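Reviewing the structure listed below.
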Amino acid sequence: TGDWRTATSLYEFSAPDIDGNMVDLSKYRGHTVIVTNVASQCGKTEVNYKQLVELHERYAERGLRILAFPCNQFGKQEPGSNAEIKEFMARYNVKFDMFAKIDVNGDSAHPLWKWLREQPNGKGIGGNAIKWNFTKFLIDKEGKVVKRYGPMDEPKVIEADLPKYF
């Protein structure tokens, strides 16, 4: 219906990429997806970027796609413009998909993230708030959330779940 409250998969949403081009996320139909909120000035920025890059290098050939959403809501650790953030990810040689900066919590949260927070059967009242930088969601080939991993779970925690969804 266009309402995030009614959506049942990743494929109902669209978001601008880091260059500002609108991306319809149905482009990921049939792929294994990780969605994560990122930041450049977090204690865990280096380990998350390094391990996300490693997962993409190991598993892109199996259809793994990583969608990274910058977000400045957690300690103001993503203060850069989109153009600044684009320059930053190359230091990690990021070749997965980078999106324009968004809010993930609160009144201005992007609708995809309003939906992600509700995933285990939320009633539309806010769900499980994103707690800090580098939360991750593993999404299956039908666009359904299958697991959430927190700021403290390094990306390599997702690895043993990946072959179930390739």
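Just so we're on the same page: first chain in the structure tokens is A, next is B, and so on; residues restart at 1 for each chain, and ligands are numbered from 1 in the order they show up.
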Selection near range 74-83 of chain A, 6 Å with only C-alpha atoms, sequence-local residues under 5 positions removed, as a list in words: residues 18, 39, 40, 41, 42, 100 and 132 of chain A
Range 10-13 of chain A: which residues within 10 Å, counting only C-alpha atoms, same-chain residues fewer than 6 positions away excluded, as a ChimeraX atom specification? /A:1-4,23-29,33,35,110-113,115-116,139-145
Restricted to N, CA and C atoms, what would the selected residues look like written as a PDB file, in the first residue's frame?
```
ATOM      1  N   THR A   1       0.807  -1.213   0.000  1.00  0.00           N
ATOM      2  CA  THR A   1       0.000   0.000   0.000  1.00  0.00           C
ATOM      3  C   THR A   1       0.837   1.258   0.000  1.00  0.00           C
ATOM      4  N   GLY A   2       2.157   1.124   0.092  1.00  0.00           N
ATOM      5  CA  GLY A   2       3.027   2.266   0.291  1.00  0.00           C
ATOM      6  C   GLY A   2       3.216   2.635   1.746  1.00  0.00           C
ATOM      7  N   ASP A   3       2.474   2.011   2.649  1.00  0.00           N
ATOM      8  CA  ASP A   3       2.650   2.231   4.083  1.00  0.00           C
ATOM      9  C   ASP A   3       3.635   1.214   4.647  1.00  0.00           C
ATOM     10  N   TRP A   4       4.690   1.698   5.312  1.00  0.00           N
ATOM     11  CA  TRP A   4       5.639   0.819   5.979  1.00  0.00           C
ATOM     12  C   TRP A   4       4.965  -0.075   7.007  1.00  0.00           C
ATOM     13  N   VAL A  23      17.022   4.449  -5.414  1.00  0.00           N
ATOM     14  CA  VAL A  23      17.166   3.023  -5.672  1.00  0.00           C
ATOM     15  C   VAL A  23      15.894   2.354  -5.195  1.00  0.00           C
ATOM     16  N   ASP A  24      15.236   1.624  -6.071  1.00  0.00           N
ATOM     17  CA  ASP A  24      14.124   0.759  -5.691  1.00  0.00           C
ATOM     18  C   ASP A  24      14.718  -0.561  -5.182  1.00  0.00           C
ATOM     19  N   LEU A  25      14.469  -0.899  -3.917  1.00  0.00           N
ATOM     20  CA  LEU A  25      15.150  -2.020  -3.289  1.00  0.00           C
ATOM     21  C   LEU A  25      14.634  -3.357  -3.766  1.00  0.00           C
ATOM     22  N   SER A  26      13.608  -3.378  -4.614  1.00  0.00           N
ATOM     23  CA  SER A  26      13.249  -4.613  -5.325  1.00  0.00           C
ATOM     24  C   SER A  26      14.362  -5.058  -6.264  1.00  0.00           C
ATOM     25  N   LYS A  27      15.357  -4.227  -6.492  1.00  0.00           N
ATOM     26  CA  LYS A  27      16.506  -4.673  -7.255  1.00  0.00           C
ATOM     27  C   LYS A  27      17.225  -5.838  -6.581  1.00  0.00           C
ATOM     28  N   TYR A  28      17.072  -5.992  -5.258  1.00  0.00           N
ATOM     29  CA  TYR A  28      17.696  -7.072  -4.508  1.00  0.00           C
ATOM     30  C   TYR A  28      16.843  -8.339  -4.436  1.00  0.00           C
ATOM     31  N   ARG A  29      15.735  -8.395  -5.190  1.00  0.00           N
ATOM     32  CA  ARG A  29      14.911  -9.589  -5.184  1.00  0.00           C
ATOM     33  C   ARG A  29      15.764 -10.829  -5.487  1.00  0.00           C
ATOM     34  N   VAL A  33      20.755 -10.546   1.659  1.00  0.00           N
ATOM     35  CA  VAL A  33      21.051  -9.139   1.929  1.00  0.00           C
ATOM     36  C   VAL A  33      21.430  -8.955   3.389  1.00  0.00           C
ATOM     37  N   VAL A  35      21.542  -5.516   5.721  1.00  0.00           N
ATOM     38  CA  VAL A  35      21.288  -4.083   5.885  1.00  0.00           C
ATOM     39  C   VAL A  35      21.947  -3.635   7.177  1.00  0.00           C
ATOM     40  N   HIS A 110      13.687   6.787   8.170  1.00  0.00           N
ATOM     41  CA  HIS A 110      13.305   6.353   6.839  1.00  0.00           C
ATOM     42  C   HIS A 110      12.312   5.201   6.979  1.00  0.00           C
ATOM     43  N   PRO A 111      11.311   5.103   6.087  1.00  0.00           N
ATOM     44  CA  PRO A 111      10.302   4.041   6.276  1.00  0.00           C
ATOM     45  C   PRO A 111      10.862   2.631   6.253  1.00  0.00           C
ATOM     46  N   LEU A 112      11.958   2.372   5.518  1.00  0.00           N
ATOM     47  CA  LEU A 112      12.532   1.039   5.558  1.00  0.00           C
ATOM     48  C   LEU A 112      12.924   0.672   6.978  1.00  0.00           C
ATOM     49  N   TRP A 113      13.511   1.638   7.713  1.00  0.00           N
ATOM     50  CA  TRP A 113      13.984   1.388   9.073  1.00  0.00           C
ATOM     51  C   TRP A 113      12.844   1.353  10.084  1.00  0.00           C
ATOM     52  N   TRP A 115      10.087  -0.067   9.295  1.00  0.00           N
ATOM     53  CA  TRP A 115       9.692  -1.447   9.100  1.00  0.00           C
ATOM     54  C   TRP A 115      10.690  -2.422   9.727  1.00  0.00           C
ATOM     55  N   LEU A 116      11.997  -2.226   9.507  1.00  0.00           N
ATOM     56  CA  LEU A 116      12.990  -3.146  10.081  1.00  0.00           C
ATOM     57  C   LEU A 116      12.841  -3.271  11.597  1.00  0.00           C
ATOM     58  N   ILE A 139      18.622 -10.545   5.691  1.00  0.00           N
ATOM     59  CA  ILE A 139      17.382 -10.608   4.923  1.00  0.00           C
ATOM     60  C   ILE A 139      17.515 -11.713   3.872  1.00  0.00           C
ATOM     61  N   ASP A 140      16.490 -12.565   3.788  1.00  0.00           N
ATOM     62  CA  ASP A 140      16.528 -13.727   2.889  1.00  0.00           C
ATOM     63  C   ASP A 140      16.186 -13.334   1.457  1.00  0.00           C
ATOM     64  N   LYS A 141      16.161 -14.343   0.575  1.00  0.00           N
ATOM     65  CA  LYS A 141      15.953 -14.113  -0.855  1.00  0.00           C
ATOM     66  C   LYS A 141      14.520 -13.768  -1.210  1.00  0.00           C
ATOM     67  N   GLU A 142      13.609 -13.758  -0.238  1.00  0.00           N
ATOM     68  CA  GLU A 142      12.258 -13.255  -0.412  1.00  0.00           C
ATOM     69  C   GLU A 142      12.062 -11.921   0.288  1.00  0.00           C
ATOM     70  N   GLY A 143      13.150 -11.303   0.746  1.00  0.00           N
ATOM     71  CA  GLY A 143      13.078  -9.975   1.318  1.00  0.00           C
ATOM     72  C   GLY A 143      12.617  -9.938   2.752  1.00  0.00           C
ATOM     73  N   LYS A 144      12.609 -11.071   3.450  1.00  0.00           N
ATOM     74  CA  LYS A 144      12.154 -11.149   4.833  1.00  0.00           C
ATOM     75  C   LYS A 144      13.334 -11.065   5.784  1.00  0.00           C
ATOM     76  N   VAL A 145      13.144 -10.359   6.891  1.00  0.00           N
ATOM     77  CA  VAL A 145      14.177 -10.338   7.931  1.00  0.00           C
ATOM     78  C   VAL A 145      14.245 -11.705   8.598  1.00  0.00           C
TER      79      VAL A 145
END
```
Report as a VMD selection string: the residues of chain A with a DSSP assignment of helix (DSSP H, G or I), based on the backbone of this structure. chain A and resid 10 to 12 25 to 28 45 to 62 82 to 92 111 to 117 155 to 164
Would you list, as number ranges by chain, the residues of range 16-164 of chain A that end up in strand (DSSP E or B) under DSSP run on this structure's backbone? A: 16-17, 22-24, 32-38, 64-70, 97-99, 136-139, 145-149
